[PDB]
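S.K.: Chains as they are written, first to last, in the numbering used here: chain A, 1 to 372; chain B, 373 to 744; chain C, 745 to 1116; chain D, 1117 to 1172; chain E, 1173 to 1228. For each residue, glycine too, the CB sits at the ideal point set by N, CA and C.
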Amino acid sequence: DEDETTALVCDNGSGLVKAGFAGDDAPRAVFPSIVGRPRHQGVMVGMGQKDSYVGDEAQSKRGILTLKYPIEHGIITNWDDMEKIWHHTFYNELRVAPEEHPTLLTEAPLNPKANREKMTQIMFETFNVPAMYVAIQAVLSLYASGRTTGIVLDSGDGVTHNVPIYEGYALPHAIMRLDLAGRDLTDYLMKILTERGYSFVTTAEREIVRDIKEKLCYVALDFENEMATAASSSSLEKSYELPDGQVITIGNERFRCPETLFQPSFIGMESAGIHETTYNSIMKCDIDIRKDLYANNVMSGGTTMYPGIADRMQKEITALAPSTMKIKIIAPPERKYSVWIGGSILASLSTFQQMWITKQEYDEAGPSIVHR
Amino acid sequence: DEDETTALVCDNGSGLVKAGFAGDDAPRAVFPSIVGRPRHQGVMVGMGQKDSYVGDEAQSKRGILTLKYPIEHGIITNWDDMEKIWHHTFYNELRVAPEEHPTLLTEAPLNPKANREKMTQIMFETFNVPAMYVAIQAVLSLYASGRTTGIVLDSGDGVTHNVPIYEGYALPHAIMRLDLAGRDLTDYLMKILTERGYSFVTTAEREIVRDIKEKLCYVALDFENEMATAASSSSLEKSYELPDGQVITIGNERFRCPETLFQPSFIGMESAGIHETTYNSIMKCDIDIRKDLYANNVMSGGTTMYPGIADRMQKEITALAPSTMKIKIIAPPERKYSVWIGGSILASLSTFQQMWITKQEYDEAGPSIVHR
Amino acid sequence: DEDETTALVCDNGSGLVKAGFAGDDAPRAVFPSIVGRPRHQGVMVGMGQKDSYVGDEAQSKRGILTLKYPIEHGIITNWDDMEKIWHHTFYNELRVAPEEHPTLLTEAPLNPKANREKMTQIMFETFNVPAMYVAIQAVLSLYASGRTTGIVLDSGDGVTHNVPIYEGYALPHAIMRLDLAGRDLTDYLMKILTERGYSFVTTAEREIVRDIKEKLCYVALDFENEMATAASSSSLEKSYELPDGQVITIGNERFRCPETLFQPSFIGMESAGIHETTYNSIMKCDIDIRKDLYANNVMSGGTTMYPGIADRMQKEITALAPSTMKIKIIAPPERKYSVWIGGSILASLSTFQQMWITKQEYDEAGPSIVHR
Amino acid sequence: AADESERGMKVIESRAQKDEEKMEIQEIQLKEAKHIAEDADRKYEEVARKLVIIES
Amino acid sequence: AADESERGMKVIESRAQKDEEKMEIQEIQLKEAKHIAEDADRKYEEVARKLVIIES
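(1) For residue 1166 of chain D, return the contacting residues in chain B, with the cut-off set at a CB-CB distance below 7 angstroms.
(2) According to the neighbour-count rule (16 or more other Cβ atoms, all chains shown, within 10 Å of its Cβ), is residue 509 of chain B buried or exposed?
(3) Can you have a look at residue 40 of chain A and say buried or exposed, based on whether 16 or more other CB atoms are within 10 angstroms of its CB?
(4) Just to confirm, are residue 408 of chain B and residue 437 of chain B a CB contact at a threshold of 7 angstroms?
(5) Using a Cβ-Cβ cut-off of less than 7 angstroms, give me the residues of the stretch 267-280 of chain A that come near chain B, in sequence order.
(6) Does any CB atom of chain E fall closer than 7 angstroms to the CB of residue 1150 of chain D?
(7) Under 8 angstroms between beta-carbons, which chain B residues line up against residue 1147 of chain D? List them in chain order, please.
(8) Would you call residue 1170 of chain D buried or exposed, if buried means 16 or more other Cβ atoms sit within 10 Å of its Cβ?
(9) Give me the chain A residues within the contact set of residue 484 of chain B, using Cβ-Cβ distance strictly less than 9 angstroms, ordered along the chain.
(10) List the whole-angstrom C-beta distance separating residue 176 of chain A from residue 281 of chain A, where the pair is believed to meet the contact cut-off of C-beta under 8 angstroms.
(11) Counting C-beta neighbours from all protein chains within 10 Å, is the total for residue 287 of chain A 16 or more, i.e. buried, or is it exposed?
(12) With a threshold of 8 angstroms on Cβ separation, who are the neighbours of residue 471 of chain B within its own chain once the five nearest residues in sequence on each side are excluded?
(13) Please compile the residues from chain A whose C-beta is within a distance smaller than 9 angstroms of the C-beta of residue 545 of chain B.
(14) Can residue 520 of chain B and residue 789 of chain C be called in contact, C-beta distance under 7 angstroms?
(15) Pull up the distance between the alpha-carbon of residue 637 of chain B and that of residue 985 of chain C, whole angstroms please.
(16) Do residue 868 of chain C and residue 1106 of chain C come within 7 angstroms of each other at the CB atom, strictly closer than that value?
(17) Using a Cβ distance threshold of 8 angstroms, determine whether the stretch 724-742 of chain B contacts the stretch 524-535 of chain B, with at least three qualifying pairs required.
(18) Out of B/541, B/539, B/550 and B/542, which has the shortest C-alpha to C-alpha gap to residue 531 of chain B?
(19) Where residue 92 of chain A and residue 59 of chain A are concerned, what is the direct C-alpha to C-alpha distance, given to the nearest angstrom?
(20) Answer yes if the stretch 112-122 of chain A comes into contact with the stretch 237-252 of chain A, meaning at least three C-beta pairs across the two stretches below 8 angstroms, and no otherwise.
(21) Measure the alpha-carbon distance for residue 571 of chain B versus residue 303 of chain A and round it to whole angstroms.
(22) Helix, strand or coil: which one does DSSP assign to residue 393 of chain B?
(23) Is the beta carbon of residue 300 of chain A sitting closer than 7 angstroms to the one on residue 141 of chain A?
(24) Given residue 309 of chain A, which residues of its chain have a CB within under 6 angstroms of its CB, disregarding the five upstream and five downstream residues?
(25) Exposed or buried, residue 235 of chain A, counting other C-beta atoms within 10 Å across all chains shown (16 or more means buried)?
(26) Assign residue 1144 of chain D to buried or exposed, taking buried as 16 or more other Cβ atoms, counted over all protein chains shown, within 10 Å of its Cβ.
(27) Please check if any C-beta of chain D sits within less than 7 angstroms of the C-beta of residue 1219 of chain E.
(28) So, residue 534 of chain B versus residue 650 of chain B, is the Cβ gap smaller than 7 angstroms?
(29) Assign residue 1211 of chain E to one of three DSSP states: helix, strand, or coil.
(30) DSSP on residue 895 of chain C, reduced to helix/strand/coil?
(31) Using CA atoms only, rank isn't needed, just tell me which of B/544, B/632 and B/569 is closest to residue 558 of chain B.
(32) Are the stretch 68-86 of chain A and the stretch 319-327 of chain A in contact at 8 angstroms, needing three or more beta carbon pairs?
(33) Measure the Cβ-Cβ separation of residue 397 of chain B and residue 390 of chain B and say whether it is below 7 angstroms.
(34) Under 7 angstroms between C-beta atoms, does residue 1187 of chain E make it to chain D?
(35) What alpha helix (DSSP H) runs, 4 residues minimum, are completely inside the stretch 447-507 of chain B?
(36) Evaluate residue 1114 of chain C with the Cβ neighbour count: other Cβ atoms within 10 Å of its Cβ, from every protein chain shown; 16 or more gives buried, anything less gives exposed.
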């Protein structure tokens, strides 16, 4: 129990932090990855002067603060502001004292060696956690779907990745990163919806375009004869009621937004798209392992939640793969937390105890110890 | 000559229409983009009952009419009232019959496909012009400064834009629109001038604040130590004599008004300003084309006429751009008509004849034909 | 003179074409081996609609065209697009009419019999050249270094080869091909340089990583205690100034890039490396000829130009070869054109006239004639 | 051969710096001279138009 | 070391020529711009003096 209860799992994202206790089924804490700094001197009624704001209080009060994102494209870019988000996570969100909890953290696919050593330096030397561990994100997603070999298409708020994993070892030279994700996708909907003849003028109009994207957006299979369908004008249309009455209608654009993930050309991106990239990762791997990867395309991440994403991907890679092959696109329902759940499982596991980096290992080996 | 003489160029703005014959050096007709509708029944001496008023007669008689602006932020918002401004342009202002003149029109940067088809529907089907053509405004401004690749900062009465153009094709995904222009700017001067201890009480006081803005306003470089200069009180001050004697003095505010274009925060705008936006457009474009855009910042529009606008912009983007770069801010003297002049050149050109959309093309292809 | 002046030498590569007149000291024409096909309909100012683009106009205009490489790994893969590059070479680059010039062409090491017959079919039947000849590339490189027996390590843009040659006959069963060359090498530098904490974001950032590789990259001897040296941080570092000011520094990676040629494991390649492969070629040859090959390791190709390549190879094979042996690594300065120069010499030669395949031979013997 | 070519390099690099500085100081003196030429040539067309209207 | 220092010499000598040409073309464009700025600054001191007398 000492640490059975006690292991923490913190998944640091570009848009959201997911956090909680190893053992739980889902994150106890989910909140924006921002750190707000007040543009002016003054106070809220009853509070003192605050130097900084994090998560939702930074979002809610955004009009008087300069908002900053510590993690650009999955990599920690500002370490002063990240230690601020961690502090908030332990002390306010989970309300635990960190110096008696083992902490499993996550990093990104080709996270620079030096960063994995730096967050270890900050975990052990400024938070004084007993022990910690850094798992790679795609690797926890895979594992949370039971398996050990597969290829994960991972897509969240600032990055998309393909991480081919074989008997647990993520394959460095076959990993692909595509910098277009849910953030890019909300801003494109924004324009095709103002372009539908609308105005997201106040900040209460801006924010909810993102809630339109999440609730009403679709990834149609045969996106071709779906536009064609749009035109005959079926009961395909969908009206959402705004903060007030102002019933906005979205028929068609509803799927023009996730067609951006297959066609980056919709947004002036010259890069290849999700399905081709799944494939290219795969023809960059060893030959003998390619049947395995093909029957185990595990999807994780908030942006892979658009319904019919899996069917489109299913047919997208069948038709690029040699017919002798078995294609299989696994997309679980909890996928917006796969990464986290894979960490919860792993860290609550009976056999993981012997991989925890302890302060004994650290004080004796330097940050190098956990770096592997 | 048939049409060498005969091509018309009509530039539709948010505040002004500029019109005339391809060939001329400047617009034959310039007038407000209003359509007045009388609030009461009655007549002027010697005239009949008039249902409507357009341009200057609507401005002059504004006290008995409800004034309406057909073009909101560069886009045509009311098509009944726009066909009224066109009618006025052909028949009264240029006094031509439209059915024997080719007409080059202009549209805005990301003008909805459907509008370009609608004004074509109205040009050919209600005015019966022989042929017409719709050019994008920034694109005519660039071309009138000789070149084909550059980025235009275009700023008039209701909109500001940045339109990066490469070998003639305006780059859709890199275009930025900032809804703060000369209209916003006259109303801010208004307040900093009443705030100087004044009153623009009657309508003959209101209108002339705009003539103060045009004649006496400046964009200082080092707007910082220009306020500082204001305080030591040099012979920086400037008194204007009103419709009557009432000599009003404007020392300082003179430049506090165009500092609004770099600091939108002066007016409760949270958007970025002109120079940052020039830049952001540029780091949204292909990499290999960014040296070109930087050495070709062409300025056009009534609001970019404030003296010292170019020097401030020069230094504003040098200091944001990588030092390996050449910055070059072209601001010609005729810039309040760049757009129009670019159309005059192009439409009087020897090679343009083969791009005119003719009634033959239209009656045979539908509005789609000119839409491109 | 008839043909003394008149012989053409065209060396077709995976990345570059080298072309010119037999007699000259270096290629009159060097340009990319691409054929661009426009993604959209439209024109450049003053030109007509172009169906296709080749060489540098395809590279310069790459944003609106789909680029294609006719020669994959030294072998011609698309014959429609190759006839396009040849056409460009004769008519635009060298501006000659082909029907009065003998043409010496080059092919790759184990070029399929059928290809040598096909380019002969296209040379004689669609270009109508008087006579032609196909030399093997390593064989021209050797010969340009004076000799007739030696082993060439040939390395360009898409392939590396080892071609043991004895009294002029390249030894089929001892030839080795390693598909990792300068193209692979620019993309690896790219990643170790973004991994140094950088961004080659626009296309003007992408292209110049290749100019960094060419100018600043090194092949260190004792690559072991060169990394060790990197750490003590000597004045080994080297900063390059980008298209703009943005001074990028490259200390160390500078040699980590050509260490890829000895260690393919740096790039997820399981194949053996350059030096081992030199050697294996050699223990696949007759016994009595192995002292000859060892004292005549001739290097040719753009990717063998990295300084200190020869010293590393010198010591790499001394220490694998029996000590009774003399090792000798010849690397001339003009080596990026060895192949071409060997062709220029040979084809301008007094004795070569009797090996030219003439239209008389062809019209009478079929493509078989030149195939040998 | 190397020592003579290093010395010449050093001298032409020093001349190149010395002239690059002169260009930048003229190029800047000129954005100034051209800008004062243009602020001058506007003030006039306002004063000469103001003259033709108060003469009329 | 000699070949790299010869190549660098060649490139900095080429840049030094390329910039020396740019200076000369600006330096000349300027005797022109300054002279038109002065031919301008005399005739509106004349036209504004002519204005103040016909306004008076």
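M.R.: Reading from the atomic positions:
(1) Walking along the fourth sequence from the start, residue 1166 of chain D turns up at place 50. By Cβ distance, chain B contributes nothing, its closest Cβ being about 10 angstroms from residue 1166 of chain D, past 7 angstroms.
(2) Residue 509 of chain B sits at position 137 when you count from the first residue of the second sequence. Under this definition residue 509 of chain B is a buried residue.
(3) The residue you call residue 40 of chain A lines up with position 40 of the first sequence. With fewer than 16 other Cβ atoms within 10 Å, it is exposed.
(4) As a working mapping, residue 408 of chain B is identified with position 36 in the second sequence. As a working mapping, residue 437 of chain B is identified with position 65 in the second sequence. Cβ atoms of residue 408 of chain B and residue 437 of chain B: closer than 7 angstroms.
(5) Residues 267 and 268.
(6) Against the fourth sequence, residue 1150 of chain D aligns to sequence position 34. Answer yes: the Cβ-Cβ gap between residue 1150 of chain D and chain E drops below 7 angstroms somewhere.
(7) Along the fourth sequence, read from residue 1 onward, the residue named residue 1147 of chain D stands at position 31. Per Cβ cutoff of 8 angstroms: 683 and 686.
(8) Indexing the fourth sequence from 1 puts residue 1170 of chain D at position 54. Counting Cβ neighbours within 10 Å, residue 1170 of chain D comes out exposed, since fewer than 16 surround it.
(9) Position 112 of the second sequence, counted from the first residue, corresponds to residue 484 of chain B. By Cβ distance, chain A contributes 195 and 197.
(10) Sequence index remark: in the first sequence, residue 176 of chain A carries index 176 (1-based). Sequence index remark: in the first sequence, residue 281 of chain A carries index 281 (1-based). Right, the Cβ-Cβ distance comes to about 5 angstroms (below 8 angstroms), so this counts as a contact.
(11) The sequence position of residue 287 of chain A within the first sequence is 287, counting from 1. When all chains shown are included, residue 287 of chain A counts as exposed.
(12) For the purposes of this step, residue 471 of chain B is identified with residue 99 of the second sequence, where counting begins at 1. Excluding positions up to five away in sequence, the list reads 499, 500, 501 and 502.
(13) On the second sequence, residue 545 of chain B is found 173 positions in, with the first residue counted as 1. Result: 267, 268 and 269.
(14) Within the second sequence, numbered from 1, the residue matching residue 520 of chain B stands at position 148. Within the third sequence, numbered from 1, the residue matching residue 789 of chain C stands at position 45. Contact: yes.
(15) Taking the second sequence and counting its residues from 1, the one referred to as residue 637 of chain B is at position 265. Taking the third sequence and counting its residues from 1, the one referred to as residue 985 of chain C is at position 241. Near 37 angstroms, if we compare the C-alpha coordinates of residue 985 of chain C and residue 637 of chain B.
(16) Counting from one through the third sequence, the residue named residue 1106 of chain C turns up at place 362. Counting from one through the third sequence, the residue named residue 868 of chain C turns up at place 124. In this structure, residue 868 of chain C lies closer than 7 angstroms to residue 1106 of chain C by Cβ.
(17) no
(18) Counted from its first residue, the second sequence places residue 531 of chain B at position 159. The shortest C-alpha separation from residue 531 of chain B is found at B/550.
(19) Reading the first sequence from its first residue, position 92 is the one you call residue 92 of chain A. Reading the first sequence from its first residue, position 59 is the one you call residue 59 of chain A. Near 16 angstroms, if we compare the C-alpha coordinates of residue 59 of chain A and residue 92 of chain A.
(20) no
(21) Counted from its first residue, the second sequence places residue 571 of chain B at position 199. Counted from its first residue, the first sequence places residue 303 of chain A at position 303. Cα to Cα, the separation comes out at about 56 angstroms.
(22) As a first step, residue 393 of chain B is located in the second sequence; it is residue number 21 there, counting from the start. If DSSP states are grouped into helix, strand and coil, residue 393 of chain B belongs with the strands.
(23) As a working note, residue 300 of chain A is residue 300 in the first sequence. As a working note, residue 141 of chain A is residue 141 in the first sequence. Yes, the pair counts as a contact, with Cβ atoms nearer than the cut-off.
(24) Mapped onto the first sequence, residue 309 of chain A falls at position 309. If we look at residue 309 of chain A and ignore the five residues flanking it on each side, its Cβ neighbours are 219.
(25) In the first sequence, the residue the question calls residue 235 of chain A occupies position 235. Exposed, by the Cβ-count rule.
(26) Mapped onto the fourth sequence, residue 1144 of chain D falls at position 28. Flag for residue 1144 of chain D reads exposed.
(27) Against the fifth sequence, residue 1219 of chain E aligns to sequence position 47. For residue 1219 of chain E, the answer is yes, since a Cβ of chain D falls inside 7 angstroms of its Cβ.
(28) In the second sequence, residue 534 of chain B corresponds to position 162, counting from 1. In the second sequence, residue 650 of chain B corresponds to position 278, counting from 1. Yes, they are a contact pair.
(29) The residue given as residue 1211 of chain E occupies position 39 in the fifth sequence. Look at residue 1211 of chain E here: in three-state DSSP terms it is helix.
(30) Numbered from 1 along the third sequence, position 151 holds the residue referred to as residue 895 of chain C. Three-state result, residue 895 of chain C: strand.
(31) Taking the first residue of the second sequence as 1, we reach residue 558 of chain B at position 186. For the residues B/544, B/632 and B/569, the minimum Cα distance to residue 558 of chain B belongs to B/632.
(32) no
(33) Sequence index remark: in the second sequence, residue 397 of chain B carries index 25 (1-based). Sequence index remark: in the second sequence, residue 390 of chain B carries index 18 (1-based). No, the Cβ-Cβ distance between residue 397 of chain B and residue 390 of chain B is not below 7 angstroms.
(34) In the fifth sequence, residue 1187 of chain E corresponds to position 15, counting from 1. Residue 1187 of chain E has a beta carbon lying within less than 7 angstroms of a beta carbon in chain D.
(35) With a minimum length of 4 residues, the continuous alpha helix (DSSP H) runs that stay inside the stretch 447-507 of chain B are 451-460 and 485-494.
(36) Sequence index remark: in the third sequence, residue 1114 of chain C carries index 370 (1-based). Classification of residue 1114 of chain C: buried, given that the 10 Å Cβ count is 16 or more.
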